[PDB]
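Values below: every heavy atom of this structure, side chains too, minus hydrogens, waters and symmetry copies. Reminder, nothing fancy here: chain letters follow the sequence lines and each chain counts from 1.
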Amino acid sequence: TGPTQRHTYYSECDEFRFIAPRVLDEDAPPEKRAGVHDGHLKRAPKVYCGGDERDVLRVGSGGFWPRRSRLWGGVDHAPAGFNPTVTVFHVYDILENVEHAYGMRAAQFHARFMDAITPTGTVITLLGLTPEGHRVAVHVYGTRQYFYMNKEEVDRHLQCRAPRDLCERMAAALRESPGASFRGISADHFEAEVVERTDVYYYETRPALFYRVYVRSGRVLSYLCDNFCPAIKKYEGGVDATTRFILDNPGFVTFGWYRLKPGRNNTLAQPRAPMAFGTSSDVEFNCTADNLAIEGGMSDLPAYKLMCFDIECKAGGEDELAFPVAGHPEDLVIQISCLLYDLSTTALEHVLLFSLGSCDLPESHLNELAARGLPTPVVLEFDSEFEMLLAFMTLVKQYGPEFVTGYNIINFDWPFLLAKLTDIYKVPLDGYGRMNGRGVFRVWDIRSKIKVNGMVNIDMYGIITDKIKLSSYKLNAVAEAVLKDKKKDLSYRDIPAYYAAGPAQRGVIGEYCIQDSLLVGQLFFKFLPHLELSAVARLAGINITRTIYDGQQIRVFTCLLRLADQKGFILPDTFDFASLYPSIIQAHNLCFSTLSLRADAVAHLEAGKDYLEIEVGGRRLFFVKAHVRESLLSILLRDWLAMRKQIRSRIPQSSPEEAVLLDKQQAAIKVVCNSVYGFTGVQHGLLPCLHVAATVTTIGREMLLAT
DNA sequence: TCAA
Ligand SMILES: [Ca+2]
Ligand SMILES: [Ca+2]
């Protein structure tokens, strides 16, 4: 039988491109000891360790690196009768995928889940850990994206008279799509209802009837928002399924503790069978949102794993002092240091060094690590670059570190590794994250960004350049400054000579690779960047990976979206002063919804008493005061500032451990409050209002001159 | 210069 959906990572391999420096051939005469061998070898990839040899892709008892994987290539390696009971689990990341009832027909899913994916549906996967350290995926069914269109405008443009009509019109526009990428679409793929809402822009704007349209897939939604009736303004078509799951279930969070519970008709979460697992988890469940609750009182982070890594590269062309380029076959990765920490206890658990060629670490370095009370390094030796890179990616899949760190890993180390795997070796990456295939594993340039499904990448270079002012942000300099530690260093121009000289000299390169990763680990546990990022994720209502890589706008957008829905609004698609701009927004009740550009909008009100009027950018603007209508931006700011004041009142009486968590929380509220002015001012952003931004600066200027 |  094997897995329901195919695993796309390598579980077997029997031929590969063998690339290796000729200088590793100790018996060869000097003329044959320069350059790189490059050819295809009919062999299983191998790793050597401490005199022993293994195939890289063999899973069994005697492995050279740790594993946290149940399945490998469709074989279950858990003990006989392994069946943990799961009540509470922590979520650190949320995936969003499409499933089809036809694809899942062989999996023994209950009918209530199959209905939610018939003929297709969006599944929300909560990625997490139990208190016992078991890796969990909880697949939540029944979440649908939805958008709005004005009822009268649709009724005149498409001649609709009942909601069923619009479902046909949309199905037609998809059937008629270029290349027929939306073959098989029908009115069953849709639901439409009539609801009363107000456009969030302007004070005079009246409530109106809208079609709220539900859809099964973001692929369909993005086609409709780009192509269906361009003359008709869409509302909230940009909102992802994760955001709907979080906002439509009061209290739910993208990072935190959850509990499984009985649903509405006493329904339960169903454990998946192993051959229906979508991820590299120990246990997986199908559930609906009513099977979930936020677990109160639990606050400790569970035993997530942090990988801290650094690569070392050697240029192989006619100038070994040229900077290495991944696209050149001869410019090799030669070493990868890889430190594995428990993120809850901060303890270093494993020190792995991957090495192209034999490598004997200095006794000096081994003694120092032993004196520091750290794990003895395991050196993994490879005959070729491919075998080493495959082994590293195999470790990433099998150990599955939830958090990954390093220095310049986003701008250099991942881009270099992934370019080798993709361009030189033709390896598919979509199975190497948490998902077993078809997952996101992507690098792109702006400096760079990364998305790996189920892996939170945190580059320490970004953290430190944001936190500390320094002349130089080289790691050696940062270390001297922040950790008061003066390490010894190898330059890129030492590496060619050390590499050619022999095993002991390649050992010196490894010592340096390991001490580099040890310093970065110390930086990480000093600044605790996962705690500030998770505090922002919880406050903003977005996942921690979106928190790192997306901009400031999505944080304010998601909070505004929550409040706007509660108030009946919908969002259309596109001496010193303490907190000057937030406090102007609050004191003057400035908002999208309190603004008027027209005098007749405020003719029923009294000037000064019921509204501000102000000249801004040459135009007369009106803002009604809070007793007429309270600003959404003002409410956000007020509630956040009240929350921050509450948190900071508790810090002096709290435990030394609690004080850290509270400090990260109060800091998260500051960064979000300060981004509100900016959010209004980004032209072509999410929900721009340049009138509000320009009013804030006009008031600010006048306050200084008044003072 | 800075990224190996
Ligand atoms: Ca390096
Ligand atoms: Ca690095």
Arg43(A)/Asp14(A) salt bridge by N-O under 4.0 Å criterion: no
Between protein and nucleotides 2-4 of chain B, what N or O pairs are separated by less than 3.5 Å?
unit_1, atom_1, unit_2, atom_2, d
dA4(B), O3', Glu312(A), OE2, 3.4
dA4(B), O3', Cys313(A), N, 2.5

Scan the side chains in residues 368-377 of chain A for donor-acceptor partners under 3.5 Å anywhere in the protein, sequence neighbours excluded, and list what turns up.
unit_1, atom_1, unit_2, atom_2, d
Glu368(A), OE2, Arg372(A), NH1, 2.7
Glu368(A), OE2, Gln515(A), NE2, 3.0
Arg372(A), NH1, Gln515(A), OE1, 3.1

Test: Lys449(A) cationic atom under 6.0 Å from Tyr549(A) six-membered ring centre, within 45° of axis: no
For residues 670-685 of chain A, the side-chain hydrogen bond (donor to acceptor under 3.5 Å, both in side chains) pairs (sequence neighbours left out) are none
* To do: Using the six-membered ring wherever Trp is involved, compare the ring planes of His530(A) and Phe524(A) and label them parallel, tilted or perpendicular (cut-offs 30° and 60°).
  => parallel
